[PDB]
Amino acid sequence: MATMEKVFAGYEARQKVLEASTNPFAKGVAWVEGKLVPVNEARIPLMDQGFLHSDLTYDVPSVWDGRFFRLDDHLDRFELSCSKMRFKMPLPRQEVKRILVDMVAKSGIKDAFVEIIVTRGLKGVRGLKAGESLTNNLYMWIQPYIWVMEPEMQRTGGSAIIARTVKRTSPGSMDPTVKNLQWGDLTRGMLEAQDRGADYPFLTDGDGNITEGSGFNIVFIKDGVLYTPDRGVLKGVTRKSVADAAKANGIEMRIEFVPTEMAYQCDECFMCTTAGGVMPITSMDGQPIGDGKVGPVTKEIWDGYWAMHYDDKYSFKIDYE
């Protein structure tokens, strides 16, 4: 569309400038043990329990056109995730925010993926002896904005399959509201999608309901109403932003059980996530969804989501000096 072309033209112009930069942080920068290092040189201890037992939680805010998007909502969710895991995040919130902004500013990156991780640290829960306390670790980094669905694919939509060989990890085993890197099911789904000649996997709960996919929530549009699963999934900030844009435009959105049959009967579909935004799906199990083009309500939400990036209710300008 018109607004797709706007957003992407601006991104492509900024990318041209960034690709030409000699700033050693232009390809990204990490914070490790209080030091900034270029991201592709960053290393972590082999003995970190975030590696050894994936005992960590994380969050991913973003920067668009030099504006941090919903950073506070990310930090709020991350505090909740840290508490549910019994971590103590090693630096106060305000210091974390200041460091993230300085990192961005230092790098010159205008459109950024940001990741924050807290891990159990160098000593595990399994080994704990009487009297001992654990010190948790923090890792953060900025890189150029990652696209789960590239811009050119967002214009046409991508393809999906309903995964048949795996189901989403039950909340009784791992709470899917705690953003985590334990992607065993998600990775199985990706491999299935590859095998089946589809771009993206949608996992069910194994009981006839749609959940989420490999790093994204799932939204269906049917008879002018948005539907998205309630249980079994991460409470996305992108999905919240979709609800905000729906409300702003008078579009109903239901957060509820979504049966698998919706994937075959929907009028439109899109995935949503911070790394990419609103990502239309125009094929399902090898068949076009309607006419196979990106639908009107999807584009209305798409435009609304990107407009929020310039609204001071949901974003703030970074001073790059």
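From 1 onward, residues are counted along the sequence shown.
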Comparing 130-138 with 160-168, which stretch shows the greater average C-alpha B-factor in the deposited entry? 130-138
Look up the CA B-factors in the entry and say which stretch, 170-178 or 84-92, has the higher mean. 84-92
Whose CA atom has the top B-factor in the entry, of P38, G50, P61, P280? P38
Among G206, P201, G184, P144, which residue carries the highest C-alpha B-factor recorded in the PDB entry? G206
By the record's CA B-factor, is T211 among the lowest, middle or highest third of residues in the chain? middle
Looking at the temperature factor on the CA atom of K299, which third of the chain's modelled residues does it land in? middle
Based on the deposited C-alpha B factors for this chain, I'd like to know if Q15 is in the lowest, middle or highest third. lowest
In terms of the CA temperature factor given in the entry, to which third of its chain does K106 belong: lowest, middle or highest? highest
Tertile call for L46 (CA temperature factor, within chain, third-based) is the middle
